[PDB]
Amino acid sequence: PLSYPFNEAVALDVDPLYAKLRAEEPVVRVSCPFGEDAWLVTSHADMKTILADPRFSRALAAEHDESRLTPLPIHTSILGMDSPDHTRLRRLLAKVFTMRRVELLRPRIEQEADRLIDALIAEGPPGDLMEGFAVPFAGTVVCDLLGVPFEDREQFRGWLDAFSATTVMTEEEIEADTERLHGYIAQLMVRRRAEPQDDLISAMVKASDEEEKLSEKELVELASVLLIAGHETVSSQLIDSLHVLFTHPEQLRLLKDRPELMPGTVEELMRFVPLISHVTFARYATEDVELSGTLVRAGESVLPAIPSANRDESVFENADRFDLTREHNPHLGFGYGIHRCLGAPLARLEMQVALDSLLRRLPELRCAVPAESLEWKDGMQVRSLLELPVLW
């Protein structure tokens, strides 16, 4: 089997092999950096199957040496479960993580975006849209929603990479940092259990205590992945989307002249940005399934290359082009099926507010350096810039 990943990810460049695989051999056997060999899955149609079909299981990974890019299997909480356990956590979260709760955050999210831009302007150009905007924006928002104090970022931020590192941390460092984050969240739950605030951890603890619906460990691990998704995934998608807009100035011009395009722009950025560096978490077949002429037998794993599905020309016309006017856009950037992203309404709100605020307050915003001088963060399961210097 081919060794996978075929090539380490570069900037937002997509490996040309995916297009070749989608054309000529959409499912290919590979050997993974860690765990069992796997079937790499590349097409949109097969991606929906392995993410949503009940014959593909996440919970069965725990009974294998899970095919993976990370030295140890990730503690993915709800994203590691099947029904019924999955249903139990999903339902608790749906009941507390409501559309109303998110939409009610809108004034505070808009205010935080304005405050960060006030600071950028006060500090003078060039500013860093990563550490000076995307990171503290995403961080304050998820911290406010979850009830993790943003003032604790200095302690907890250095543990998050353990949930994402592929090539750049040892087993022992990952275990230690995973334990630190879980232990940190566990102590916060003792406080929020005694002294509830208007945040997700408080309401999760209350709903769970009152129905004996979740173990402490399950609560800790679930709150932990919510922190990572809000802090790391949002800021990564946001900074990558800014790079795409800067490098497609014609589309950026169109967005500023027709702001009603912003909802569709956010969806096109979800599809076009190859945010996931390679694949999301593996699933295992419960029965034989044929995908694209390749037989995946029971007990074998599949790797969902979501970014490749989002570049599937059989689904998106000119899929290799960023077009923020695109109307047909069944992208899988928020997943699909049972494990589809519960945070997508919030992520969409954050993306819209952040891009609208920057374009309205900083109309002349532009990248301060050639795209070739940028430093990207390597060795993680998602792509992000370390710095995005800008002028206005």
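All residue numbers are counted from 1 along the displayed sequence.
Colleague: Per the entry, where is the mean C-alpha temperature factor higher: 261 to 269 or 233 to 241?
Modeller: The entry gives the higher C-alpha B-factor average to 261 to 269.
Colleague: Averaging the C-alpha B factors as listed in the entry, name the stretch that ends up higher: 350 to 358 or 23 to 31.
Modeller: Averaging CA B-factors over each stretch, the winner is 23 to 31.
Colleague: Out of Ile228, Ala134, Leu93, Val102, which residue has the highest Cα temperature factor in the PDB record?
Modeller: By C-alpha B-factor in the record, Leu93 ranks first.
Colleague: Between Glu221, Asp144, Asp128, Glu287, which one tops the list for C-alpha B-factor in the PDB entry?
Modeller: Going by the entry's C-alpha B-factors, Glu287 comes out highest.
Colleague: Using only modelled residues of the chain, where does the Cα B factor of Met380 rank: lowest third, middle third or highest third?
Modeller: Tercile = lowest for this residue's CA B-factor.
Colleague: Quick check on the deposited entry: does the C-alpha B-factor of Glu110 sit in the lowest, middle or highest third of its chain?
Modeller: Within its chain, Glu110 is a lowest-third residue by C-alpha B-factor, going by the deposited values.
Colleague: With respect to C-alpha B-factor, does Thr325 fall in the lowest, middle or highest third of the chain as deposited?
Modeller: According to the entry, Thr325 has a C-alpha B-factor in the chain's highest third.
Colleague: Comparing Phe97 with the other modelled residues of its chain, is its CA B-factor in the lowest, middle or highest third?
Modeller: It falls in the middle third of the chain.
Colleague: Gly337's Cα B-factor: lowest, middle or highest third of the chain?
Modeller: As the PDB entry reports it, the C-alpha B-factor of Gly337 lands in the middle third of its chain.
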